[PDB]
Amino acid sequence: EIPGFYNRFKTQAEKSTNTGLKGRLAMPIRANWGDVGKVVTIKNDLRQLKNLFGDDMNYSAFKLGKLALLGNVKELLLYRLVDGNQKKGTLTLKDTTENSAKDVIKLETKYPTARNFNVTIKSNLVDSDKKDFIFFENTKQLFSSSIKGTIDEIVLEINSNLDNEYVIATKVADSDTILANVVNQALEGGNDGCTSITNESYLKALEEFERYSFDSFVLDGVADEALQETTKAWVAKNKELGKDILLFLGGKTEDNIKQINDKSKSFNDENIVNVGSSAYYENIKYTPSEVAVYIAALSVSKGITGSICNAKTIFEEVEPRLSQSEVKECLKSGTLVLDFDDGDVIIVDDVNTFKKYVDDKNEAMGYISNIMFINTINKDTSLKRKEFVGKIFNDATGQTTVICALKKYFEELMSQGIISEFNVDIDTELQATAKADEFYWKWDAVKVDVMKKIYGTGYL
Amino acid sequence: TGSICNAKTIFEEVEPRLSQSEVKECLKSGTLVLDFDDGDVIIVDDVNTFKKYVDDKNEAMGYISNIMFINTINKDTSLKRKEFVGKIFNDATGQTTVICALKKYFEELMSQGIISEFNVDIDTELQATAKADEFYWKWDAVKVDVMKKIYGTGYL
Amino acid sequence: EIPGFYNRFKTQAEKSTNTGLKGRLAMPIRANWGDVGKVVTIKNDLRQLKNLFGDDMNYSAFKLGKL
């Protein structure tokens, strides 16, 4: 640059930061409003969810999004599910100067929907040629504007202000004629999003979700069986492909605790978590899958350095309600069920559906926190792939560098206290059999536990 | 001193996109195809069209880096032609000088770590049959490999 | 395989082992329940015996198996 003393101030995020959030979650959702056919990330502010997908609790989108956000996920990734017939609302405007009136402007909702987004056009009381363009939803006004009677400036203004973000205006003809007055005319022709949604839509959503990486998946708070087996196979495929995705599920409200335990027996992969209990938060019930959304969100928000075995929930009630016998039955079945151990609703344990089996996949694998730990180690290691694969020569120096980097990572874990003991070394047994263009290595560790049970004995 | 089997590319998208079955099919066919192993576009492997065949032209010949190495050795050697052809007398001294120069070159390669092991010597089998105005020589080497595959096993 | 860094975790029997057992024994048995006409090996967990030959002490099978 030219000589001088040029300041560039950067008080962007000086101390406007907090560290109370973590994790990311996947969400196929049915929605009346918002983008369609894309996987969109949502920051934890619910205002973003409300803006980008509406505020209708009749739909899985807003309700499950609110539950996930209250789960304190750092970034919530959504995908709007639709049938192919799903459509945008639309309205058309016409001129009045000519006896044979001609359509000159068309209004269409910015996102596909079927809501009663309405529009009003009336004569401007100040200027003769101006028309006052006002927009509503069921007469609840969104935005008002006034432009002279030329179509180009009218559509440009209507598309300019983001107060009119609900609707897009397009020019039908290049007229300079006075528009026709409308009063609360709905943008018709749209279709909602709950229309004929089937397993194929969920399959397409999952195929879209293959692109990204996630900490957990919950399947739209829907307990349809065939979707559950499909997602089970999909997660197994993703695991075999090096994508370590965890899955939470919730049974149907009609299922008895015996049926829920049978389903939790049917699932035995460690990445499957079955939720049995229903709950109420704002005096409104939530099916086991709807609360499975929340428990998955809370789990991913916990991340490492935590668990869920007694994490307090937002729910004001829980049902069905279990004695210690029923709780033990559910845990032995691998079911996760909420509890009312105190005046609040409390998560009973960290169990997953796998826990029915014991020894080879160890008992700690029956707990979700260990699976999150293993998936995190696999993810960081598969991040190291690109640092080390195809970039170092397999000699003693390259092996030493790889081992030193992994040792530094595990020592960082040790510094956090997550691991009580570890060692990482070359797998000389397999390294002897290794081909010259490959490397084998081994590591042992001991994750630091957490009190689930405590016992006290008193003397007087 | 490098390869392409995981070199990051500048490309923001790649198509057509392949499962591991398709990738294995392409590699067995000798095809080179880009991949989206992460958020970027990444080169899958070092393979060439030859790789369909295996043993005589060895499996390392199926990889482009080995061919680049062999071509470089041939090029430097065919650079040495002008230094040695028609300029030294084929006696024991000339043969020793040629062998010493080639040994120095291969030791320079060893210093760079590209070669893990080598030996270079007169091809006494063909040198016995060699005409008086020519020279035969032999060399073995071991190019240093690179991790393409890595496997880890965990204990808790 | 294709190039990559593919983990395969093997926390099967990390430290879930003990050395308090040895030996093998033959047993012709009368039983109300279980397989017939085959020589079946039973691991020392009595639950395996109970599953594969019942839990009736009236028969040589369960009683002598427990012993």
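Cβ: placed from backbone, ideal geometry, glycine included. Neighbour counts: every protein chain shown. Readers should treat all values here as calculations from the given coordinates under stated rules, not as data from a laboratory.
Can you name the residue in region B:14-24 that is over 25 Å from A:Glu387 (Cβ atoms) and away from chain C (no Cβ under 11 Å) and, of all such residues, is surrounded by the most Cβ atoms within 10 Å (Cβ to Cβ)?
The extreme case among them is B:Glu15.
Can you pull out every residue in region A:388-413 that is facing chain B (nearest Cβ under 10 Å) and surrounded by 14 or more Cβ atoms within 10 Å (Cβ to Cβ)?
A:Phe388, A:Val389, A:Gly390, A:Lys391, A:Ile392, A:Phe393, A:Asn394, A:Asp395, A:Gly398, A:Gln399, A:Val402, A:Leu406
Got a sec? Which of B:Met68, B:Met61, B:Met110 is touching a helix residue (DSSP H, G or I) at 6+ places or on another chain (Cβ under 7 Å) and outside any loop (DSSP other than H, G, I, E, B)?
Exactly one residue qualifies, and that residue is B:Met61.
In region C:31-52, how many residues are surrounded by 11 or more Cβ atoms within 10 Å (Cβ to Cβ) and of a type in the set (D, E, K, R)?
Qualifying residue count, region C:31-52: 1.
Please work out which one of (1) closer than 22 Å to A:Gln86 by Cβ; (2) more than 19 Å from the chain's Cα centre (by Cα); (3) free of Cβ contacts under 8 Å to residues at least 60 places away in the same chain is the condition A:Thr195 fails and give its number.
Result: A:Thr195 passes all but (3).
Please verify whether region B:57-64 includes one or more residues that are of a type in the set (A, V, I, L, M), without any contact (Cβ under 8 Å) to a residue 40 or more places away in the chain, under 23 Å from A:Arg385 (Cα atoms) and surrounded by 14 or more Cβ atoms within 10 Å (Cβ to Cβ).
Residues of region B:57-64 of a type in the set (A, V, I, L, M): B:60-61, B:64.
Applying the additional criterion that residues be without any contact (Cβ under 8 Å) to a residue 40 or more places away in the chain yields B:61.
This time we only want the ones that are under 23 Å from A:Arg385 (Cα atoms), so: none.
No; the residues of region B:57-64 include none that is of a type in the set (A, V, I, L, M), without any contact (Cβ under 8 Å) to a residue 40 or more places away in the chain, under 23 Å from A:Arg385 (Cα atoms) and surrounded by 14 or more Cβ atoms within 10 Å (Cβ to Cβ).
Within region A:306-343, which residues are free of Cβ contacts under 8 Å to residues at least 60 places away in the same chain and hydroxyl-bearing (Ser, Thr, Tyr)?
A:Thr313, A:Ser323, A:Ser325 - these are the residues of region A:306-343 that are free of Cβ contacts under 8 Å to residues at least 60 places away in the same chain and hydroxyl-bearing (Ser, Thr, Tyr).
Of all residues being touching a residue at least 24 places away in the same chain (Cβ under 8 Å) and either part of a helix (DSSP H, G or I) or more than 7 Å from chain B (Cβ to nearest Cβ) (or both) in region A:414-445, which is nearest to C:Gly4 (Cα to Cα)? Just the residue, please.
A:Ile426
Yes/no matrix, rows are residues, columns are (1) closer than 26 Å to B:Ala128 by Cβ; (2) among the basic types (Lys, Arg):
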| site | (1), (2) |
| --- | --- |
| B:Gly39 | no, no |
| B:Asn58 | no, no |
| B:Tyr63 | no, no |
| B:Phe69 | no, no |
| B:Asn74 | yes, no |
| B:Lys82 | no, yes |
| B:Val85 | yes, no |
| B:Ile88 | yes, no |
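I need the full set of residues from region B:105-129 which are touching an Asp or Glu at 6+ places or on another chain (Cβ under 8 Å) and among the small types (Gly, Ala, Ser), in order please.
Within region B:105-129, B:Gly113, B:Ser116 meet the criteria.
Taking region B:81-97 as the region of interest, how many residues are exposed (fewer than 14 other Cβ atoms within 10 Å of the Cβ), assigned to a helix (DSSP H, G or I) and either touching a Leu at 6+ places or on another chain (Cβ under 8 Å) or of a type in the set (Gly, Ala, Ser) (or both)?
Selection size over region B:81-97: 1.
Taking only pairs six or more apart or across chains, which ones have beta-carbon atoms under 7 Å, a first residue in region B:144-155 that is more than 7 Å from chain C (Cβ to nearest Cβ), and a second residue that is outside any loop (DSSP other than H, G, I, E, B) and not β-branched (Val, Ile, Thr)?
Listed pairs, sorted by first residue: B:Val144/B:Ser116; B:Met147/A:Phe388; B:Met147/A:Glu438; B:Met147/A:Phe439.
Scan A:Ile371, A:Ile392 and give me the residue that is under 25 Å from A:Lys407 (Cβ atoms), touching a helix residue (DSSP H, G or I) at 6+ places or on another chain (Cβ under 6 Å) and hydrophobic (A, V, I, L, M, F, W, C).
Of A:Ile371, A:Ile392, the one residue that is under 25 Å from A:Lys407 (Cβ atoms), touching a helix residue (DSSP H, G or I) at 6+ places or on another chain (Cβ under 6 Å) and hydrophobic (A, V, I, L, M, F, W, C) is A:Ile392.
Just the residues that are part of a helix (DSSP H, G or I) and of a type in the set (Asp, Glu), please, taken from region A:354-369.
Of everything in region A:354-369, just one residue is part of a helix (DSSP H, G or I) and of a type in the set (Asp, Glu), namely A:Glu363.
Pull out all pairs, ordered by first then second residue, where Cβ-Cβ is under 7 Å, the residues are six or more apart or on different chains, the first lies in region B:39-56 and is within 14 Å of chain C (Cβ to nearest Cβ), and the second is assigned to a loop (DSSP other than H, G, I, E, B) and of a type in the set (S, T, N, Q).
That search, which allows pairs on different chains as well, returns B:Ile42/B:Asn6; B:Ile42/B:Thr9; B:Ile43/B:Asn6; B:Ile43/B:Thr9; B:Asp46/B:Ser3.
So, in region A:74-104, of the ones that are touching an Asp or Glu at 6+ places or on another chain (Cβ under 8 Å) and of a type in the set (A, V, I, L, M), which residue ends up farthest from A:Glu210 (Cα to Cα)?
In this case the residue turns out to be A:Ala101.
Within region A:197-304, considering only helices (runs of 4 or more DSSP H) that don't extend past its boundaries, which have at least 2 residues that are within 14 Å of chain C (Cβ to nearest Cβ) and either surrounded by fewer than 22 Cβ atoms within 10 Å (Cβ to Cβ) or touching a helix residue (DSSP H, G or I) at 6+ places or on another chain (Cβ under 9 Å) (or both)?
A:225-240
Mind checking which pairs have a first residue in region A:17-34 that is touching a residue at least 12 places away in the same chain (Cβ under 8 Å) and a second that is among the small types (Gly, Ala, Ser) and assigned to a strand (DSSP E or B), Cβ under 8 Å, 6 or more apart or different chains?
The qualifying pairs are A:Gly23/A:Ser216; A:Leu25/A:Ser216; A:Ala26/A:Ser216.
Could you please let me know if A:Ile168 is aliphatic (A, V, I, L, M) and farther than 22 Å from A:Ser128 by Cα?
Yes, satisfied.
Is one or more of the residues making up region B:112-135 surrounded by fewer than 15 Cβ atoms within 10 Å (Cβ to Cβ), within 13 Å of another protein chain (Cβ to nearest Cβ) and not acidic (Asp, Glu)?
Yes, the conditions are met somewhere in region B:112-135.
Of everything in region A:143-153 that's in contact with a helix residue (DSSP H, G or I) (Cβ under 7 Å, 6 or more places away or on another chain) and of a type in the set (A, V, I, L, M, F, W, C), which residue is surrounded by the fewest Cβ atoms within 10 Å (Cβ to Cβ)? Working first, answer last.
So the first thing to find is which residues in region A:143-153 are in contact with a helix residue (DSSP H, G or I) (Cβ under 7 Å, 6 or more places away or on another chain), and the list is A:143, A:145, A:147.
Filter again for of a type in the set (A, V, I, L, M, F, W, C), leaving A:143, A:147.
On the way: A:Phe143: 17, A:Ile147: 21.
Ranking the candidates gives A:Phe143 first.
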